[PDB]
Amino acid sequence: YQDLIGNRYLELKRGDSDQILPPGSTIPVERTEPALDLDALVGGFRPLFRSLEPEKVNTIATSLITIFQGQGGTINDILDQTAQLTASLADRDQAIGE
Amino acid sequence: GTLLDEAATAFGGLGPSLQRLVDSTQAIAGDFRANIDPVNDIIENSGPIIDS
Amino acid sequence: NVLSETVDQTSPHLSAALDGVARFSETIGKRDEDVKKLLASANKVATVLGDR
Amino acid sequence: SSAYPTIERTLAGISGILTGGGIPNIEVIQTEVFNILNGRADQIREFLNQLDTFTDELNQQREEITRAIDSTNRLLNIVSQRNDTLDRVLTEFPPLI
Amino acid sequence: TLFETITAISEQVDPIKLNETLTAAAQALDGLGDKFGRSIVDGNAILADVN
Amino acid sequence: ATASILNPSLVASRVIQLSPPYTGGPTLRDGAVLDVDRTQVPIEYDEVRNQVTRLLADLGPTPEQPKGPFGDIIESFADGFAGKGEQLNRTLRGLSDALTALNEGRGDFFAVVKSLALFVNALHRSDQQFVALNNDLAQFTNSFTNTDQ
């Protein structure tokens, strides 16, 4: 972009290789990129803004507050007990298979 | 960046896998609640015969 | 904030739980066909027992 | 020497995130989360408490579970190595009975 | 400064990994989000009966 | 029809658009009255400014929480799952495989549960009679194996 009115320009980057490109050669599409395409940027916000509906956000927020308030110790106990039980069960893998 | 890398590692191609996980979980839980009465009967009455 | 503190509190106890759950789940996961055939045969035998 | 990102570059980065980042999925996820949490917050909390109690009770019986597994393994091994006797019984005893 | 901060975040977003993560998460519960909550309620009843 | 006021661009003449296009049926007659329920108003720039300011103040950094809610949650999720991606992936794959295996045989398993429930409910009342049966059988067999031959 030259500005926000609609003026463009072409920008060249040297690269790293020292092999001189002979005059008249064509740069392939593999290393050329377009400009902003503001319409695509604006249209990409449609799902993001559609996913911010206040009803769903508020319901999820209140539900998470209700579920996970003061439950750190409970979840820690669940994790410890299930780890111990599952380790003891998995120590008998050959026995279970037999 | 680190969180996105970890999430990509954990959720790389588990679309159908997690779909099957959730579907199986819900089906098993529903059928278990449907058949909870036989489960309770087994739990409460298996002890007598086995201990006998 | 609640999610942040829940993750901060339950993080140290998560790796062992994940490892144990993975191992025990794989114990049945690597024998799916055997487990299903066992369940079918047990269905037949238990039906015979219950009907009599 | 350096240069600030232009407005075009910033908007191009945001557009790349929006278009290549799978944004249209997010809403769906949120919707499903809503269906999980629609009027069931207290039920999920009490389920967490009950799962804690159930897992504690099961973990307290891990030694008995392992011993039962070992005992069943031994009995089933003996029965499997006498499966031939089992077949010979089931082929000829039912007619006699 | 605002553009620099947004660019610094955007360089860290890395949209490919975000795309695959979000695709997996959306396919995880695409058609069953009420089913999972009903299953949690059913498991709550089952635990209340079993404990 | 809904008469919605539209602002086409940053600096433009606002218009009134009858939003639903006509596809048949009854039509809007002359002298009709449209109430507030079936009209729309643009968003206005000051509402945008107020909402942006409100969200930035409410959900932004505070002296109590310097990094803010989103900063704290991303920090906790990055620290709380650093190195657990492979473990979580393996756990999820194993859980999915095991639960799918159980679900495919779910009907047979619950048929087993029902049949064993019938069996145990019909046999549980005679536990002492079973002990008596075993003891009497042992005695009856002892009645014929006092010697070797």
Side-chain angles (χ1 to χ4, degrees), chain C, chain F residues 58-126 130:
Chain C
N1 295 14
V2 159
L3 287 181
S4 311
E5 58 193 347
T6 296
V7 173
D8 286 325
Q9 290 174 348
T10 66
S11 176
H13 308 89
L14 184 60
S15 57
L18 285 176
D19 188 14
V21 171
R23 294 170 60 187
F24 176 61
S25 53
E26 289 166 359
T27 291
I28 305 102
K30 65 163 162 287
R31 309 181 181 89
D32 296 338
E33 321 300 328
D34 296 324
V35 164
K36 295 187 298 179
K37 190 177 63 176
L38 167 67
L39 291 182
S41 57
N43 177 23
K44 296 191 181 61
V45 175
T47 300
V48 173
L49 282 180
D51 295 1
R52 308 303 183 178
Chain F
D58 292 6
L59 302 179
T62 56
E64 295 85 357
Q65 191 171 17
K67 257 171 288 300
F70 293 97
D72 275 10
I73 195 182
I74 66 182
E75 186 184 22
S76 63
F77 273 67
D79 297 358
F81 294 88
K84 307 183 195 303
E86 298 181 4
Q87 313 174 16
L88 183 54
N89 197 341
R90 187 169 69 99
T91 300
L92 290 180
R93 291 198 312 265
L95 280 174
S96 56
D97 299 359
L99 289 176
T100 310
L102 299 181
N103 185 21
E104 293 189 12
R106 159 177 53 87
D108 296 321
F109 171 75
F110 285 110
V112 170
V113 171
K114 297 179 85 290
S115 300
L116 290 183
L118 266 66
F119 180 78
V120 181
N121 285 339
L123 259 80
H124 77 94
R125 286 184 174 85
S126 306
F130 295 161

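Naming: A, B, ... by sequence-line order, numbering from 1 per chain.
- Of the two parts of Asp79(F), only the backbone, made up of N, CA, C and O, holds a non-hydrogen atom closer than 4.5 Å to a non-hydrogen atom of chain C.
- The environment of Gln65(F) atom CD is dense: over 12 non-hydrogen atoms of other residues, nucleotides or ligands sit within 6.0 angstrom.
- Atoms OG1 and CG, from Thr91(F) and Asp19(C) in turn, are 7.5 Å apart once rounded to the nearest 0.5 Å.
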> Are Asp108(F) and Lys36(C) close enough, and set up right, to give a salt bridge (charged side-chain N to carboxylate O under 4.0 Å, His left out), and what steps lead you there?
Replying inline: CA-CA 9 Å; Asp108(F) 296 321; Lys36(C) 295 187 298 179; over 6 Å; no

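- Shown here for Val112(F) and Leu39(C), the closest heavy-atom pair between the two residues is CG2-O, 4.3 Å.
- In terms of heavy-atom proximity, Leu49(C) sits nearest to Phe119(F) at O-CD1, 4.0 Å.
- Expressed to the nearest 0.5 Å, how far NZ of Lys44(C) lies from OG of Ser115(F) amounts to 12.5 Å.
- The shortest heavy-atom contact between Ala98(F) and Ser25(C) is CB-O, 3.6 Å.
- Annotation: the span from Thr100(F) atom OG1 to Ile28(C) atom CD1 amounts to 12.5 Å, rounded to 0.5 Å.
- Counting heavy-atom pairs closer than 4.5 Å to chain F, the top residue among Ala22(C), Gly20(C), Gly50(C) is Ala22(C).
- Closest approach of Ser4(C) to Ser76(F), counting heavy atoms only: CA-OG, 3.4 Å.
- Of all heavy-atom pairs spanning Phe81(F) and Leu14(C), the tightest one is CE2-CD2, 3.6 Å.
- Taking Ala17(C), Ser15(C), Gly29(C) one by one and counting their heavy-atom pairs under 4.5 Å with chain F, the maximum is reached by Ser15(C).
- Ranked by heavy-atom pairs under 4.5 Å with chain F, the list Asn1(C), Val45(C), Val21(C) is led by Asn1(C).
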> For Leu88(F) and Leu18(C), what are the C-alpha separation, side-chain angles and deciding distance, and is it a side chain to side chain contact (heavy atoms under 4.5 Å, CB included)?
Replying inline: CA-CA 6 Å; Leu88(F) 183 54; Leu18(C) 285 176; 3.8 Å; yes

